[PDB]
Each structure stands twice: as C-alpha cells, then as structure tokens.
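What follows is one structure encoded as structure tokens, with my remarks underneath.
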Amino acid sequence: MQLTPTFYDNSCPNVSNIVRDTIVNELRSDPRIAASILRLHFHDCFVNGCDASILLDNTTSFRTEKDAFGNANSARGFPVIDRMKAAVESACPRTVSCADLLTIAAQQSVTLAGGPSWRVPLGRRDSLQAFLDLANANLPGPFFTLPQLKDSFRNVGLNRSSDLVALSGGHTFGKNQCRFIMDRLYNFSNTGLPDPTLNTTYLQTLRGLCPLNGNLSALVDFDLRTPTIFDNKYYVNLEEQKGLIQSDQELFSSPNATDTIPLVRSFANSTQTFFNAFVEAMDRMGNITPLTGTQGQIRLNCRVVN
Ligand code: HEM
Ligand SMILES: [Ca+2]
Ligand SMILES: [Ca+2]
Ligand code: NA
C-alpha cells in the first residue's frame, strides 16, 4: 500500500497538532529535543525501514536497538515519544502507528527548529521485533570515509548523493560528544596529527572544548553558526572546513567528493535549494521498506509489541 500524506485525515486529523504541541512543550526545558527526535527517525529508517523498531525495549528473545553502537548513550527522547504516543492514543485509540508518529515527530521537529514545513507520507506500521545486529551493521559512523558513507546509504536504499548530502544537513543542529572528534583533534588516522581538513582556527576552539584526556562525553554543537536552528549554515561551515565530524567534512573534502561538493555548494548557496532537497530526501528515507496495509501492527505502547 502506497504511503500517503492524508492517511489519518479522517481517523486522526489532529495527530500532527498533538505531536507538535508535545515537542513545543518539551523544547522549553530541553532545547535539544527537536534534534534528538529527528535523529531517532533516521535511526529508525536505517534499520529495517521506518517501522518503529528502534523504539522497542529489550525482551528475552531479541535485544533492543537502543544498545547499538550508534544508539547506546547517544539516542534520546524516548519518553517524549511515549508522551506524544499516549496523547495520540487518547485522541484516536489504536489508530496511529509508532512508525508514523515518529515520522511526523521528526518533520514537526524540523519545522519547529525553523526548517521546511511539509506533510509526510503516512501509513507505515510497526515492527514485531527489533534489530540490534542490523543497527550495528547499518548505522554509519562519524569516522566513515565518504565511500563508506555512500555505501551505508545505498545499503538501506538511498542511492543518491543528494540523499546523503541533504540528510547530513540534520547536523545543522544538535549535539555531538567529544569522543567522536578526538582523533580529528589530536591523532587522525594514526598520523599523529589533527585532521588536515579541519580549519585550524576551529581546531583550536574544538581542542578547548575537548582536551586530550578530557571528558569524552562532553557535548559540542554540530553547527557552530546556529546550533539550534534548522537552516543551511551547516553547508557554509563545510565550505570553510568547519564540519564537526569527519563524515561531515568528507562531503566537501574527500577525494571521492566530486559529486557531493556541488551539492554542498548548492545547499550553502540557497536555503530554498537545501530545504527542497531535505524534504525530498526525508521523504525518500521515510519510504524505506515500510510495513503497510495489514503488515505489522499499530503498536499501543511504542516500547513493546502488542
Ligand atoms: C551521514 C552519516 C551520519 C553520521 C556518521 C552521523 C553521526 C552522528 C553522531 C556521531 C552523532 C552524535 C551522537 C552523540 O554524540 O551522542 C549524531 C547526532 C545527530 N545526528 Fe547524525 N549522523 C549521520 C546522519 C544523520 C542524518 C541522516 C540525520 C537526520 C536527518 C542525522 C541527525 C542527527 C542529529 C539531529 C543529531 C543530534 C542529536 C541530538 O543532539 O540528540 N544524522 N550523528
Ligand atoms: Ca527501524
Ligand atoms: Ca543551524
Ligand atoms: Na526509495
């Protein structure tokens, strides 16, 4: 069954409004939540598709994806998704899947942070199991080279360099732990030197935030220009060698970036160009192997199978 933006227009017409209200409320006390929620949807979609598999907690028969290398001590916002799910369940019982709830939450998060506004396709259903090993295999790492990032996106069904460059724009907001940039700052690829693709002035700033032998869990902003605003500044940073993690800077600096460089420039040059590409890529990501029709179920509690 094809996903459609009007899937809940009769069964739960105010689902998007309930989701939005939940996020607006949470943002007051946790300014990072819109970033966190967008990342949860990306981590959902990259592992068996956008089927809310990531929201499932551990069971004696399958491990939770929350213990994946890319999720443990990193992924967050789970209780906020529970809160919006409970509110939607109250408004429209057994109607909205957690997979769709999370997709709407990610879009509303992006809009609330100043990004584009659009209606996501809906009709996804919820998985009957979680996929820890697949999450370890499929979530890309910040130390990935550009060919590895491309392989990771293609592996899940996003073949286009625009998919990779536009979705990496999620790093226009949110936080990253020092842990993931220590090599870049002090010993990159066993070279014993910082990553030469990191702007030297920014290198100093980052070394001050993440000293050697310092708190690896300290958080740094992905976007030094507008840390919490969803905008195209992320690409302007890359052009100046100011991408935070290796995978960010690789889009502009890798020897394999002949195809991504023009996209980075185009998105730095025009907010509209970036926003259009982001919506298009988000919807392609949101279309990865959904369960639809009668497949899977509308989960009542996102943490457990019905
Ligand atoms: C291209 C490959 C990508 C890699 C290697 C990557 C890597 C990471 C890493 C290392 C973190 C920091 C985790 C932490 O410190 O706990 C992070 C955070 C984040 N990622 Fe990415 N990411 C990628 C793609 C994406 C995509 C496709 C999106 C969404 C469209 C996304 C959205 C975010 C956001 C918004 C955050 C901040 C989350 C928060 O502050 O809670 N990332 N990512
Ligand atoms: Ca999933
Ligand atoms: Ca920004
Ligand atoms: Na597709």
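Residue numbering restarts at 1 for every chain of the structure tokens, chains are lettered A, B, ... in their displayed order, and ligands are numbered from 1 as they appear.
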**Report entry** Environment of ligand 2 within 12 Å, counting only C-alpha atoms and all ligand atoms, reported as an NGL selection string
**Finding:** :A and (40-56 or 64-66 or 98-100 or 102-103 or 124-135 or 138-139 or 156 or 285-291)
Requested in this report: Please give me, as an MDAnalysis selection string, the residues lying within 7 Å of ligand 1 when counting only C-alpha atoms and all ligand atoms.
Outcome: chainID A and resid 32:33 35:36 38:39 42 73:76 140:144 149 164 167:171 173:177 180 219 247
Report task. Just the residues within 10 Å of residue 119 (chain A), please, counting only C-alpha atoms, with nothing from its chain fewer than 3 positions along; format it as a list in words. Result -> residues 4, 5, 6, 16, 104, 107, 108, 122, 279 and 283 of chain A
Suppose we keep C-alpha atoms; can you now write the selection as a compact mmCIF listing (two decimals), in the first residue's frame?
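Written out: out26.txt:
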# COMPACT_ATOMS: atom_id res chain seq x y z
CA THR A 4 0.01 8.93 1.53
CA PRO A 5 0.07 12.23 3.46
CA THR A 6 -3.66 12.09 4.06
CA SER A 16 0.20 16.36 13.73
CA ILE A 104 5.55 13.14 11.98
CA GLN A 107 9.06 16.56 10.45
CA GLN A 108 7.45 18.72 13.17
CA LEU A 122 1.89 8.14 6.19
CA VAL A 279 12.21 17.37 2.19
CA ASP A 283 10.53 11.53 2.22
**Report entry** Surrounding residues of residue 260 (chain A) excluding itself and chain neighbours under 2 positions, 8 Å, only C-alpha atoms, as a PyMOL selection string
**Finding:** chain A and resi 161-162+165+251-252+257-258+262-264
**Report entry** Which of A:27, A:61, A:78, A:163 sits closest to residue 281 (chain A) [using only C-alpha atoms]
**Finding:**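 Answer, going by the shortest atom-to-atom distance: A:163.
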Query raised in the report: Which parts of region 18-229 of chain A does DSSP call strand (DSSP E) when run on the backbone here, written out as a PyMOL selection string?
Result: chain A and resi 175-177+219-221
Selection to disk with N, CA and C atoms, as an mmCIF file, in the first residue's frame:
data_model
loop_
_atom_site.group_PDB
_atom_site.id
_atom_site.type_symbol
_atom_site.label_atom_id
_atom_site.label_comp_id
_atom_site.auth_asym_id
_atom_site.auth_seq_id
_atom_site.Cartn_x
_atom_site.Cartn_y
_atom_site.Cartn_z
ATOM 1 N N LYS A 175 23.718 18.032 19.083
ATOM 2 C CA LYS A 175 24.982 17.834 19.812
ATOM 3 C C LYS A 175 25.746 16.585 19.433
ATOM 4 N N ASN A 176 27.049 16.642 19.672
ATOM 5 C CA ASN A 176 27.963 15.541 19.414
ATOM 6 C C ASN A 176 28.958 15.479 20.559
ATOM 7 N N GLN A 177 29.259 14.273 20.989
ATOM 8 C CA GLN A 177 30.216 14.090 22.054
ATOM 9 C C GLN A 177 31.641 14.220 21.598
ATOM 10 N N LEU A 219 29.485 17.535 25.405
ATOM 11 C CA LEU A 219 28.768 17.769 24.157
ATOM 12 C C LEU A 219 29.183 19.042 23.462
ATOM 13 N N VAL A 220 29.308 18.953 22.148
ATOM 14 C CA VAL A 220 29.696 20.087 21.330
ATOM 15 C C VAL A 220 28.611 20.266 20.264
ATOM 16 N N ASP A 221 28.418 21.486 19.793
ATOM 17 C CA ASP A 221 27.410 21.736 18.781
ATOM 18 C C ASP A 221 27.874 21.324 17.394
#
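Considering only C-alpha atoms and all ligand atoms, the residues that reside within 8 Å of ligand 3 can be listed as residues 171, 172, 173, 223, 224, 225, 226, 227, 228, 229, 230, 231, 232, 233 and 234 of chain A.
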Please produce an output containing N, CA, C and O atoms for each residue in the selection, written as a PDB file, in the first residue's frame.
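result.pdb, written as the output of this step:
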ATOM      1  N   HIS A 171      22.724  17.808  10.685  1.00  0.00           N
ATOM      2  CA  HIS A 171      23.747  18.321  11.577  1.00  0.00           C
ATOM      3  C   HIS A 171      23.777  19.855  11.607  1.00  0.00           C
ATOM      4  O   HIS A 171      24.750  20.444  12.048  1.00  0.00           O
ATOM      5  N   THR A 172      22.722  20.492  11.080  1.00  0.00           N
ATOM      6  CA  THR A 172      22.603  21.935  11.239  1.00  0.00           C
ATOM      7  C   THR A 172      22.144  22.242  12.683  1.00  0.00           C
ATOM      8  O   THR A 172      22.057  23.431  13.063  1.00  0.00           O
ATOM      9  N   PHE A 173      21.817  21.219  13.478  1.00  0.00           N
ATOM     10  CA  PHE A 173      21.501  21.473  14.873  1.00  0.00           C
ATOM     11  C   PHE A 173      21.925  20.251  15.666  1.00  0.00           C
ATOM     12  O   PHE A 173      22.522  19.350  15.083  1.00  0.00           O
ATOM     13  N   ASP A 223      26.708  22.518  14.655  1.00  0.00           N
ATOM     14  CA  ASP A 223      26.758  23.703  13.811  1.00  0.00           C
ATOM     15  C   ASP A 223      27.228  24.897  14.628  1.00  0.00           C
ATOM     16  O   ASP A 223      26.427  25.417  15.427  1.00  0.00           O
ATOM     17  N   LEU A 224      28.479  25.343  14.409  1.00  0.00           N
ATOM     18  CA  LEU A 224      28.989  26.474  15.162  1.00  0.00           C
ATOM     19  C   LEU A 224      28.290  27.800  14.858  1.00  0.00           C
ATOM     20  O   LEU A 224      28.425  28.757  15.645  1.00  0.00           O
ATOM     21  N   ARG A 225      27.559  27.888  13.761  1.00  0.00           N
ATOM     22  CA  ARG A 225      26.880  29.130  13.396  1.00  0.00           C
ATOM     23  C   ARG A 225      25.555  29.264  14.091  1.00  0.00           C
ATOM     24  O   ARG A 225      25.357  30.199  14.876  1.00  0.00           O
ATOM     25  N   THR A 226      24.628  28.324  13.851  1.00  0.00           N
ATOM     26  CA  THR A 226      23.317  28.371  14.511  1.00  0.00           C
ATOM     27  C   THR A 226      23.068  26.989  15.090  1.00  0.00           C
ATOM     28  O   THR A 226      22.419  26.114  14.472  1.00  0.00           O
ATOM     29  N   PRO A 227      23.591  26.775  16.295  1.00  0.00           N
ATOM     30  CA  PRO A 227      23.477  25.486  16.971  1.00  0.00           C
ATOM     31  C   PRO A 227      22.148  24.831  17.080  1.00  0.00           C
ATOM     32  O   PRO A 227      22.073  23.602  17.140  1.00  0.00           O
ATOM     33  N   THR A 228      21.092  25.611  17.185  1.00  0.00           N
ATOM     34  CA  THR A 228      19.772  25.026  17.372  1.00  0.00           C
ATOM     35  C   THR A 228      18.754  25.384  16.317  1.00  0.00           C
ATOM     36  O   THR A 228      17.598  25.018  16.430  1.00  0.00           O
ATOM     37  N   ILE A 229      19.194  26.067  15.268  1.00  0.00           N
ATOM     38  CA  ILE A 229      18.294  26.472  14.194  1.00  0.00           C
ATOM     39  C   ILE A 229      18.497  25.598  12.981  1.00  0.00           C
ATOM     40  O   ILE A 229      19.647  25.380  12.542  1.00  0.00           O
ATOM     41  N   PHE A 230      17.397  25.068  12.478  1.00  0.00           N
ATOM     42  CA  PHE A 230      17.465  24.260  11.286  1.00  0.00           C
ATOM     43  C   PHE A 230      17.535  25.181  10.093  1.00  0.00           C
ATOM     44  O   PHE A 230      16.531  25.757   9.680  1.00  0.00           O
ATOM     45  N   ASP A 231      18.715  25.244   9.510  1.00  0.00           N
ATOM     46  CA  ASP A 231      18.985  26.128   8.387  1.00  0.00           C
ATOM     47  C   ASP A 231      20.158  25.573   7.582  1.00  0.00           C
ATOM     48  O   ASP A 231      20.702  24.518   7.900  1.00  0.00           O
ATOM     49  N   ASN A 232      20.549  26.271   6.529  1.00  0.00           N
ATOM     50  CA  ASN A 232      21.609  25.779   5.696  1.00  0.00           C
ATOM     51  C   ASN A 232      23.025  26.112   6.128  1.00  0.00           C
ATOM     52  O   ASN A 232      23.974  25.826   5.394  1.00  0.00           O
ATOM     53  N   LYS A 233      23.191  26.635   7.347  1.00  0.00           N
ATOM     54  CA  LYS A 233      24.533  27.053   7.756  1.00  0.00           C
ATOM     55  C   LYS A 233      25.534  25.915   7.848  1.00  0.00           C
ATOM     56  O   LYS A 233      26.739  26.098   7.706  1.00  0.00           O
ATOM     57  N   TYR A 234      24.997  24.718   8.043  1.00  0.00           N
ATOM     58  CA  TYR A 234      25.820  23.525   8.096  1.00  0.00           C
ATOM     59  C   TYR A 234      26.734  23.435   6.873  1.00  0.00           C
ATOM     60  O   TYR A 234      27.895  23.071   6.998  1.00  0.00           O
TER      61      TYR A 234
END
Query raised in the report: Which of these, A:166, A:198, A:261, A:106, has the shortest distance to residue 280 (chain A) once you count only C-alpha atoms?
Result: A:166
Query raised in the report: Smallest atom-to-atom distance to ligand 4: which of A:210, A:244, A:3, A:218, using only C-alpha atoms and all ligand atoms?
Result: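 Ranked by minimum distance to ligand 4, first place goes to A:3.
The shortest atom-to-atom distance to ligand 4, with only C-alpha atoms and all ligand atoms taken into account, belongs to A:2 out of A:2, A:201, A:190, A:294.
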Requested in this report: Run DSSP on the backbone of this structure and report the residues of region 80-196 of chain A it assigns to alpha helix (DSSP H), as number ranges by chain.
Outcome: A: 80-91, 98-112, 132-138, 146-156, 161-168, 182-186
Query raised in the report: Just how far from CA of residue 183 (chain A) is CA of residue 245 (chain A), in Å to one decimal?
Result: 9.9 Å
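Restricting the calculation to only C-alpha atoms, the smallest distance between residue 58 (chain A) and any of A:18, A:238, A:304, A:12 is found for A:304.
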Query raised in the report: Between A:217, A:239, A:160, A:302, which has the minimum distance to ligand 4 (counting only C-alpha atoms and all ligand atoms)?
Result: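 Using only C-alpha atoms and all ligand atoms, the shortest distance to ligand 4 belongs to A:160.
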